[PDB]
Ligand SMILES: Nc1ncnc2c1ncn2[C@@H]1O[C@H](COP(=O)(O)OP(=O)(O)OP(=O)(O)O)[C@@H](O)[C@H]1O
Ligand SMILES: Nc1ncnc2c1ncn2[C@@H]1O[C@H](COP(=O)(O)OP(=O)(O)OP(=O)(O)O)[C@@H](O)[C@H]1O
Ligand SMILES: Nc1ncnc2c1ncn2[C@@H]1O[C@H](COP(=O)(O)OP(=O)(O)O)[C@@H](O)[C@H]1O
């Protein structure tokens, strides 16, 4: 209906399309390309503009595999920004980068659709209440409380249990509170995407039949996908989430993982856009794109969009800009130090940088505030002593500093939360803990009630009474 | 004509075109004028470095990029820029192009020396080597200046360099009856303002009656363009040059910072179509320091003694601008974040700071032995300190356990207060004499005053005052 | 004798702890120097070839 | 009430309009890509003119060539047809200003993003009004108050002085910024919390805290959504600077909080990179130095000839992994009036605020703080520096000298004085009280970990018993023998009260 | 040799061919797994493929990024390592288990290519030169594996 015409240039992923000189399309809008294939000339080539580049020519980003098409294909301007199905059509459906259901189910009803991106929500349309809910993972519930409706940052490198921590968190809050629970997979290992999909099917939070009863909208974008697709799936998932926070007006659970792959797709497409590079390699616009994907998450006046975002810290580099933007852009930083996983704790979370602005006396209670304090002072002191105790041995300390090292490692192994989904990986069927644990295990450790049971006697056990029973068992076996 | 158009303006880089009748030479002052946002007769001065063909040229502007719009007139003065110099040009503070920025009466602009000039050949350089004492303890002990030399303040991240310059100017501007000049080159403007206030206070400006001011301030802003900052040093240097050849007096230069100048040159060179270099800078860094440190030379005609602050970024030495600045310096004072962290001021590690004028025969062969003994025990302590930090001083064997406490007293003793720094310290400072210095150190390094507590040496001008503070400390140990 | 045996085992563990620590720190230095100067080189070559 | 009266005002706005002879420079837009607009034609365009599009997403013309003009999109222009008549506005990025801003969340295009309604405003403040003149300005001779203890204790802030908060993330930088804002409750201090490039939920939280503390009656928050275009995200500090110039130029001394500035450098970097203006080192454009120079040098202290107000500045810059040798925290430390750190170690180890004066420094000194605290504890900064070294030295604690034992326990108790609770902004007279309690060794014999309780007991005891002390000294700014006498008196009394018990 | 189809280009080969080789291995493995059978592909070594692709990119003058490697390399490896899965009985439940050999450098698991392919796989398998020179052959470190 709009300007038909010809792509003049294709450069791998990116593509440059000329047009009628009269009307060029919008910036940021979409358009398909018919093109060709082996059998049939399908509209599989969805496309998206990026830069109108002179001579009635637009430089545009692809969305799918983009071989077989050529210069001069019959491009179709759809004019609008990329629409995407929303509604109960989402619920349960494992649909893809442009919204089509790739879950081998029916093509969902287009009676309710929405464009891909929109403006930032308003200064007033932000909420006011510093909302806090617990999870059940004790290190989080001690020293990194979670701004619900805000942003919950999952940091760490690779092979450090971040996706597994997300699986545990969704394993809790899938049948815990919250309305629709929109997982998005930005660049996920697709076998692990279908893995947790099967975990939703088995766990039944998603629905086999009558799928429109799900409160789950798993719109993955697999890691295999082209860089435009990885660049857009985050905007798709957040479009679902803001749709529900404005139309279901619901507290939406927004597991996404991991948006470093999203901004790396942005870097990769910029490198063919010819935009000059930035810090160490990335796109120059990483700041604004992370700003888009963050500022279009908010807890609204009615929808507390609680977002649980992971960020793949590349090669454990905190001063990298892809962290350095996000954990300015979010509330609950949770960096998962790899060396703790080398030691063998699962999850492997430091206390020092894993933090929150929720950790305030006037939010968590001054009691829980000082609880988290009296943990954190001791463990920071333990690190300050760690870097000089590893050289030159243990007993060159004071009696006090020796006891403080013992108690700090007490808290350390005490925060080894056994995970309920990690039984099939390690063997131990994990445990659930809460606020009575959050006060009391800390209290026994810091008072010195538990002060003779060894470091194993609170190892991989959440409940402190479970640690006492474990201590009884290991003292019995001698 | 010579009226041209400005084809491209990107930052303070201005691509000026010209008709083929005239394409002027390099370094020439160009002045687009008569226009502003208010319809004002605002002029901007811009000099040329690269002339990029087709009778066109890219220039650097010594005032802000705002105001002037592409396709505008430009009047080259047919000459390189010329700075108003003279004894009438003392007292007032003025611009890079020379305009008096003191906002009262302009100086008589009649004798203008060109800002870019020849550097004096060494046949004109006064090879006469000489010794300078400036009253600050660690300097006139261990980095004794040449009364005639070039003096470097290798400073760290804003630590003690500018306050050191203020103290030293306060101590020696009255001392040197010849001319003196501060060059505020990319200096922080409120601290240049504080310096100007101290010159009004101590009467070296003689605010009620000027041109008897043997000091002359010229300043260029941080907030000014790098086109201004990459020539403000040349402005100050030319004022000192005029006083070193025409007046040919004893001339004293205190530019701050030279690395500001370097960064401004790098800044415009990235813009004016040139490649980068190794970390930080332009590829013209060495020739920039060449122009400067070849023009600031004490001549057989007239002496000069230029001190200059060198802020190294990241507080190191492998940085290329101090890697050439050391090579162009002769009296190097290198400050330390560590000694500032322990409050010892001036926070110069005496290890790094040396001077050509520390020869035994030229400092006195006992003064030299003082200097060698302090550097020896000090460097051995700076070696030992990490072994201390892992194995305990009380373990660390006695024949070095004495020397660690000795040099530990030494450095804090050579921390001495300044007459301006009393705002930062609490006690008004001291102008220390070098005989008193070598005397106190001949006590400490020998091990006569090993009975004293160490903090009795903290922030003390003279060793007899250190004994006095020691008796006070012992008295309060009783009380 | 037991004092200077405890000092001996103190030093015989401290030397090896210093050795593994300098191993880790040497690897850290090599990686850091590599990363810094590579970022330097690719940055300046981006600035140089961006014309 | 609508459509029933406004027709006469409609006639008033219509009749009496311009019908001008305004010849304008007008450009056919050529190359828009990713927030920039390399525009064809448009010859006589002043670099810095706003350029009006088809849309209304106006744009600043930063760079300009012989053929094209580098123009940014303040407001992302999501639909701009090629060849659109994009004419400039003629004027140069002027900013409307009034005292009626005092509370409205305002956007970088001077626009109320408060929901409070539009502001009438008369003047047109330039976006690049230069620094106040060299001769024109006085030294920072007058105190400005922190509300936090240790900063006013050792490393003073002064009205006109531009101290630089620095540190890693999540270490209370924005927190101590807001604390030293809402400290200003009777000091006739305008605060301009310019929020740059972070969570709008966070800026809503801080304006919530300001609505709690009342400080949003006089403060002006320039928000910057992280989704705002990077041209706007770097422009906004200049808007805040000119807006504070609007009040400093009358008489009214003010304070500003850039928050942060590192995102300003990053956003400006993004704009310069898309503008193809080549990068300097660390992939930044070189003149982030020049940008922040023009910014911070627009913040100083007036003298009596032009209004003797001040624009004391607090630009927070963010440094990752506790570095200083990051490029922007290398520029801003040279162009600030000294810097204060928030080490993650000192924060998570209880020192909250976390200003380790070993690396922290205020480079104008006591002349910008009060004469009472001067005469009490000018020396305490260097004393605590020595205590920090010697406590690092007292790792080798086998047989400490008795004098160094006194010194270490002394500076120990002093550091314990420099502990303070969350958002408890002490009276500056109370800071004089605790600073004399430390410097006069009363607490030396006392319990070392109950010094906080000793202090709260002592401050309640003096604030009840002898509140004449704090008012006579706040009227004299001077630690006199009357102050000494009242101090040591209530010290004996409350020392008794807390010894028993 | 009936169990394998050995794919071998060596360091003589141009970096383009060394770049395309494991893609071709994955393609024929996709044909074989896709034809109902289990299969196993041995990329050896994939770090050499990273170096080859990095060279091909630099001769393509594309500005490299992290550790002077192009930003593409993660998606690049995601191609030839996400084509390796176990299908279901919808299409014949063939399986394409894979051993992408990545020879790291000095144990720097926090180097770009090793942490990259860890971020795409189903877990690490360690091998320390220290356990190898400690006589324990094979030298897999089970505490981190
Ligand atoms: N919390 C855990 N419980 C049990 N096993 C774990 C845990 N964390 C890590 N592991 C082991 O380490 C391997 C990889 O670590 P992990 O799964 O944490 O990385 P990841 O979650 O893929 O990180 P990301 O999702 O950020 O890529 C897992 O396959 C598992 O064997
Ligand atoms: N005196 C204090 N006592 C206790 N906590 C404090 C104190 N000062 C600051 N904090 C804490 O520091 C935490 C982080 O605040 P803030 O956001 O200002 O840090 P930041 O480094 O600025 O983080 P970001 O840069 O991401 O904004 C807050 O939760 C606040 O409670
Ligand atoms: N031990 C010290 N002695 C004197 N001044 C000090 C000391 N430690 C910190 N300072 C501060 O350092 C400032 C001087 O730093 P300096 O490097 O001279 O100037 P800038 O910081 O402008 O480069 C002084 O204003 C003073 O407040």
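Chains as they are written, first to last, in full-length UniProt numbering: chain R, 17 to 494; chain A, 18 to 496; chain Y, 313 to 363; chain F, 4 to 504; chain G, 219 to 363.
Note that the Cβ used here is the ideal one computed from N, Cα and C, for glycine as well.
- Those residues of the segment 329-353 of chain Y placed with their C-beta closer than 9 angstroms to a C-beta in chain G are 339, 342, 343, 346, 347, 350, 351, 353, ordered along the chain.
- Nearest neighbour of residue 44 of chain A by Cα position, chosen from A:26, A:446, A:381, A:94, turns out to be A:94.
- At least one CB of chain Y lies nearer than 8 angstroms to the CB of residue 324 of chain G.
- The distance from the Cβ of residue 410 of chain A to that of residue 418 of chain A is about 6 angstroms, consistent with a contact at the 8 angstroms cut-off.
- In the three-state scheme derived from DSSP, where H, G and I count as helix and E and B as strand, residue 276 of chain A is classed as helix.
- At a cut-off of 8 angstroms between beta-carbon atoms, residue 321 of chain G makes no contact with chain Y.
- If you draw a straight line from the Cα of residue 330 of chain R to the Cα of residue 174 of chain R, it comes to about 8 angstroms.
- If you look at residue 374 of chain R, you'll find it isn't in any alpha helix (DSSP H); DSSP assigns it neither H nor E.
- Burial state of residue 315 of chain Y is exposed, judged by a 10 Å Cβ sphere holding fewer than 16 other Cβ atoms.
- Here residue 178 of chain A is buried: its Cβ has 16 or more other Cβ atoms, across all protein chains shown, within 10 Å.
- Not a single C-beta of chain A is nearer than 8 angstroms to the C-beta of residue 449 of chain F.
- The alpha-carbon separation between residue 221 of chain F and residue 258 of chain F amounts to approximately 11 angstroms.
- Contact fails between the segment 153-173 of chain A and the segment 59-77 of chain A, because fewer than three Cβ pairs, one in each stretch, are under 8 angstroms apart.
- Excluding sequence positions up to five before and after residue 99 of chain A, its CB lies within less than 6 angstroms of the CB of 129, 131, all in the same chain and listed in chain order.
- Look at residue 355 of chain F: its beta carbon is less than 7 angstroms from one of the heavy atoms in ligand 2.
- Taking all protein chains shown into account, residue 233 of chain G has 16 or more neighbouring C-beta atoms within 10 Å of its C-beta and is therefore buried.
- Counting along the chain, the unbroken alpha helix (DSSP H) around residue 430 of chain R starts and ends at 415-430.
- Bounds of the alpha helix (DSSP H) holding residue 390 of chain F are 383-396.
- One thing to note: residue 473 of chain R has its Cβ no nearer than 8 angstroms to the Cβ of residue 159 of chain R.
- Looking at the backbone, the Cα of residue 65 of chain F and that of residue 263 of chain R are separated by about 42 angstroms.
- Cβ-Cβ distances below 7 angstroms link residue 469 of chain R to 487 in the same chain, with the five nearest sequence neighbours on each side left out; the list follows chain order.
- Under the 8 angstroms criterion on CB atoms, residue 408 of chain R is classed as interfacial with respect to chain A.
- For residue 484 of chain R, the Cβ stays outside the 7 angstroms cut-off from all heavy atoms of ligand 2.
- In this structure residue 260 of chain R is buried. Its beta-carbon is surrounded by 16 or more other beta-carbon atoms within 10 angstroms.
- What residue 297 of chain R touches in chain G, judged by beta-carbon distance under 9 angstroms, is 281, 282, 283, 284, 285, 286, 287, 288, 289, going in chain order.
- Cβ contact annotation for residue 219 of chain A (same chain, cutoff 7 angstroms, sequence separation greater than five): 187, in chain order.
- At a C-beta separation below 9 angstroms, residue 300 of chain G has these neighbours in chain R: 205, 206, 207, 238, 239, 240.
- Under the DSSP assignment, residue 66 of chain R falls in the beta strand (DSSP E) whose first and last residues are 61-68.
- Excluding five sequence positions before and after residue 146 of chain R, the CB atoms of its chain that fall closer than 7 angstroms to its own CB belong to 163, 374, 379, given in chain order.
- For residue 339 of chain A, the uninterrupted alpha helix (DSSP H) run begins and ends at 337-342, by DSSP.
- Between residue 48 of chain F and residue 28 of chain F a beta carbon distance of about 5 angstroms is seen, short of the 8 angstroms cut, so the two are scored as contacting.
- Shown here, residue 43 of chain F sits in a strand according to DSSP, grouped into three states.
- Taking C-beta atoms as the reference points, residue 285 of chain A and residue 338 of chain A fail to come closer than 8 angstroms.
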